[PDB]
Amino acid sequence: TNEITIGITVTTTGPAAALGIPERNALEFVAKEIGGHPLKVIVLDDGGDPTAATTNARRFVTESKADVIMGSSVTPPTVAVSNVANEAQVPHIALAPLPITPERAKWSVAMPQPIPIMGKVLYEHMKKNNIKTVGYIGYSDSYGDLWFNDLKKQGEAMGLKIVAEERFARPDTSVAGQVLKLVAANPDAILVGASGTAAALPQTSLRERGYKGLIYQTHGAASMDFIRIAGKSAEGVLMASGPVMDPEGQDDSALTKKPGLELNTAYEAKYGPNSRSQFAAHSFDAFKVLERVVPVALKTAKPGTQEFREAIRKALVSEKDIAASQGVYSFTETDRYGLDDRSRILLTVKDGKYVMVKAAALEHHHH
């Protein structure tokens, strides 16, 4: 019963607050002790800023002597947190997608779906609905590149033609010049590689300028905020999402159904109708991971030692089929996401509501 120390850096101020506030809110609904030991959870805002997240992670690993760290809410500070964790040798659970490199693989795993699983479900839909040419607009940063690179690699391997690439910066409040080019090229479909508030900006700008192709969005867009902001321009979007957005529609055999119901009932009872989100689920699921790996680490090591950090690291890879709201996690030395087809669905928006268009893979089918 000495504590297990968890440092979390998430984005609860600035425009990425749309992603970090739900992550931080969902901590009300996670375990407060594991295996006899209380969880000391220290939460700090980073504003989405890579330097502030580096500062928080640094102080967690050296001053707080954290056993685990988590964060951040968007890809650039998440990269920064991974770099701290892999230097300091501390288990890191990422709460936003990030490029895994050998520099980051040893000490980091990631809760959000990896870009290629999400891209696959979008591009298969494009192929099935008569799309040949695709344009892109996304952030001029590492998340923007993940998505563009996946669109080029997977999409071209499926016979899609990528006819236009545009970028914008996160704080931009206008994409007039990029929308101008995209409308000119008039692709059959446009993939928007963005998140939260910023994801609704190319959505509205494109419709206001009379684009009439299909618009596709990533799982960075999967909260009610996108509908609140995009209004009617949201209609008929196609959006990749984790299954936590619709546990009701899952088969009772889905290992993700129960925990998704658990999170959403609590979250929405507090925060209101349709307040569920892709993002709240990541911190909830991170604590489901901890519930599996910590009792295993506790057999051979005490909280607050390097040996405990090492034991968690190993357990992340020895413990298979970890059921959570967003998927069933089996991490490996080389797969730091640990996810398969059970971790994604496709949503549309119809009359201001998300509707599931394509279900996650069934438990008793191939993955």
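What we label the rigid core is the largest C-alpha set whose atoms superpose within 1.5 Å from one form to the other. Sequential numbering from 1, following the sequence displayed.
Asks: State which stretch is farther from the displayed form on average in 4 other deposited structures of this protein, 73 to 81 or 155 to 163, counting RMS CA distance after fitting on the rigid core.
Replies: Stretch with the higher C-alpha RMS distance in 4 other deposited structures of this protein: 155 to 163.
Asks: Read off the CA B-factors in the entry, average them over 79 to 87 and over 125 to 133, and name the higher stretch.
Replies: Per the deposited B-factors, the answer is 125 to 133.
Asks: Comparing 286 to 294 with 229 to 237, where is the mean C-alpha B-factor higher?
Replies: Mean B over CA atoms: larger for 229 to 237.
Asks: Given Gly47, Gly338, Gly36, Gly327, identify the residue with the highest C-alpha B factor in the PDB entry.
Replies: Highest C-alpha B-factor among the listed residues goes to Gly36.
Asks: In terms of recorded Cα temperature factor, pick the maximum from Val179, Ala266, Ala200, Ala169.
Replies: Top of the list by C-alpha B-factor: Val179.
Asks: When the modelled residues of the chain are sorted by Cα temperature factor, does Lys120 land in the lowest, middle or highest third?
Replies: For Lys120, the deposited C-alpha B-factor lands in the middle third.
Asks: Consider only the C-alpha atoms of the modelled residues in this chain, order them by B-factor as the entry records it, and name the third containing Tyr143: lowest, middle or highest.
Replies: Lowest third, going by the recorded CA B-factors of the chain.
Asks: Relative to the other modelled residues of the same chain, rank the CA B-factor of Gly213 and answer lowest, middle or highest third.
Replies: Top third by C-alpha B-factor.
Asks: Should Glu103 be placed in the lowest, middle or highest third of its chain by the C-alpha B factor in the entry?
Replies: It falls in the middle third of the chain.
Asks: Taking the entry's C-alpha B-factors for this chain, is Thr55 in the lowest, middle or highest third?
Replies: Its C-alpha B-factor belongs to the lowest third of this chain's values.
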